[PDB]
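Coming up is one lone chain in structure tokens, specifically the form solved without the DNA.
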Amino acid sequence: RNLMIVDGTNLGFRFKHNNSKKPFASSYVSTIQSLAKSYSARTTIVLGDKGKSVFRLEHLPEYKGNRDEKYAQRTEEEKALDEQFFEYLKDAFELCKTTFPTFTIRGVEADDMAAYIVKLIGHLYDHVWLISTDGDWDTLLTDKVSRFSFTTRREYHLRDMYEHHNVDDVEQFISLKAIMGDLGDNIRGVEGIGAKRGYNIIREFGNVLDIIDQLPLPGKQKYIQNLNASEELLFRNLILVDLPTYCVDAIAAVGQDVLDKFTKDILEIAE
């Protein structure tokens, strides 16, 4: 028996992506049930995102700021379609509650919570299945923790780190994320360094922290020059993308009491 952890909001947008007019609350849940069969899920946990992340907002006030800009600029009609989807997702989350243990902790991202559950109880099962189309969840990948994306109908294991992410392991992936940056989340990275260039730097000098010890890096390239002057940026990004290391801190940002209750609830489920 395995454990299945669903990235609820993500799955929601997938349904929204398929059709932005149709109520999706039933299929949403039935989809999770068919899937639970498929992966011999003994325990299935659905998580949703409620509010911005307190942890990352503290370390970067402009965290996901662009996503607000995108809302401010939408027409009256698009903003309304947005609200439709959001009410439909809340509905989806309500119906879920009648079948699978569901969770929303305002100010806590689903990924920080997914990482906590895996940490907390991942060992009580044979395999853990992460249901998300978000590859950043791949920072949780191990030989007992795999991901499943609907947009591709694919499965992601650790062996697949390179083809899917341009790095060899979870730590290198975090390093790349910290060096490279993350456009969608509005995280600035070193100017002139992307997946391939970043990877070649990590493969030669190692993880971000190791690279910090080593600045100035030899190389007359401007992206290198840039790299040598981003010590601070790297420290910043690292805490923002290092999911497995900062997940607990991330849940406790909303309170030691909320952390304690999330814990009791998880363990009782995996019992």
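Heads up: residue numbers just count along the shown sequence, starting at 1.
Query raised in the report: Hey, does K16 show up as a hole in at least a third of the other compared models?
Result: Looking at the other entries that model residues on either side of it, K16 is present in every one.
Query raised in the report: Averaged over C-alpha atoms, is the B-factor higher for 152-160 or for 189-197 in this PDB entry?
Result: For C-alpha atoms only, the mean B-factor is higher in 152-160.
Query raised in the report: Out of 170-178 and 72-80, which stretch has the higher average CA B-factor listed in the record?
Result: Result of the comparison: 170-178.
Query - Which of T31, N207, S40, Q221 ranks first by CA B-factor in the deposited coordinates - result: Top of the list by C-alpha B-factor: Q221.
Query raised in the report: In terms of the chain's CA B-factor thirds, is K16 lowest, middle or highest?
Result: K16: CA B-factor falls in the lowest third of its chain.
Query raised in the report: Is the Cα B-factor recorded for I121 in the lowest, middle or highest third of its chain?
Result: Highest third.
Query raised in the report: Thinking about Cα B factors across the chain, which third does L89 belong to?
Result: It belongs to the lowest third of the chain when residues are ordered by C-alpha B-factor.
Requested in this report: Classify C96 as lowest, middle or highest third according to the C-alpha B-factor given in the PDB entry, relative to its own chain.
Outcome: Lowest third, going by the recorded CA B-factors of the chain.
Query - Ranked C-alpha temperature factor of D49 among modelled chain residues, by third - result: It belongs to the lowest third of the chain when residues are ordered by C-alpha B-factor.
Just so you know, the form solved in complex with the DNA exists too; it's not on screen, but the next bit is about it.
Report task. With the DNA left out here, work out from 210-218, 240-248, 227-235, 61-69 which stretch has heavy atoms within 4.5 Å of it in the deposited complex. Result -> The contacting stretch is 61-69.
Query raised in the report: Taking the shortest heavy atom distance, is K261 within 4.5 Å of the DNA in the deposited complex?
Result: Outside the cut-off, so no.
**Report entry** Contact flag, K144 vs the DNA in the deposited complex, heavy atom cut 4.5 Å
**Finding:** Close contact is absent here: in the deposited complex, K144 is far from the DNA, nothing within 4.5 Å, heavy atoms only.
Query raised in the report: Just to confirm, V167 within 4.5 Å of the DNA in the deposited complex by heavy atoms?
Result: Outside the cut-off, so no.
Report task. Report whether the minimum heavy atom distance between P101 and the DNA in the deposited complex is within 4.5 Å. Result -> Taking the distances in the deposited complex, the answer for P101 is no, it never comes within 4.5 Å of the DNA.
Query - Neighbours of the DNA in the deposited complex among 8-36 [non-hydrogen atom within 4.5 angstroms] - result: Result: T9, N10, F13, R14, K16, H17, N18, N19, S20, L35.
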